[PDB]
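A short worksheet on the structure shown next.
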Amino acid sequence: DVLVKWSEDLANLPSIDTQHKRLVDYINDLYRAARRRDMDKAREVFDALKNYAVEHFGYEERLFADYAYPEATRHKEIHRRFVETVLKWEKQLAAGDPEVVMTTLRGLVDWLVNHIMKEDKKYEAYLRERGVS
């Protein structure tokens, strides 16, 4: 049913929480599709997850630019490398089965939870003190 449950460990600015929660929702939708052994749905949800991640990353990067965040370059490159990684993982889904979907899902969750807690956390105080919400 649910692979990832939201918790305070993932919390950041309120607007950012809406996007991270949406990503967690896509992860759980992809888990559900894998459990149902529905590969067409899994490929559809994976595509939609990737596309939303790109837009979430762009929203963060726009905050970094607007607010002259000193680690903008580093954090953008981290996002870019993960987009590249996600595009590589996507290729396996064409011939994959639900077990490939699960392995992929574990990689997605591991990256996202670490990224939110380790990298996204670094911009939070910086943006809060500048009035971002």
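Per UniProt numbering, the sequence shown starts with residue 4, numbered consecutively.
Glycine included, each C-beta is placed from N, C-alpha and C at the ideal position.
Q.
For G99, tell me which candidate among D41, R35, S18 has the shortest Cα-Cα distance.
A. Numbered from its first residue, the sequence shown carries residue 99 at position 96. Among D41, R35, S18, the Cα nearest to that of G99 belongs to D41.
Q. Looking at the C-beta of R25, does it have a partner C-beta in chain D at a distance below 8 Å?
A. The structure shown contains no chain D, having only a single protein chain.
Q: Rounded to whole angstroms, what's the CA-CA distance from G134 to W9? Just pull it up for me.
A: On the sequence shown, residue 134 is found 131 positions in, with the first residue counted as 1. On the sequence shown, residue 9 is found 6 positions in, with the first residue counted as 1. About 25 Å.
Q.
Can you tell me where the alpha helix (DSSP H) holding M120 begins and where it ends?
A. Taking the sequence shown and counting its residues from 1, the one referred to as residue 120 is at position 117. That residue, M120, is in no alpha helix (DSSP H); it is neither H nor E in DSSP.
Q | Cβ-based neighbour list, residue 1, same chain, cut-off 8 Å, excluding 5 preceding and 5 following | A | Because residue 1 is not part of the residues shown, which for the chain are 4 to 136, the question remains open.
Q. Taking buried to mean at least 16 other C-beta atoms within 10 Å of its own C-beta, is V104 buried or exposed?
A. Position 101 of the sequence shown holds residue 104. Flag for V104 reads buried.
Q.
On the CB-based measure, 16 or more other CB atoms within 10 Å of its CB, does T21 come out buried or exposed?
A. Stepping through the sequence shown from its first residue, residue 21 is reached at position 18. Exposed: under 16 other Cβ atoms inside 10 Å.
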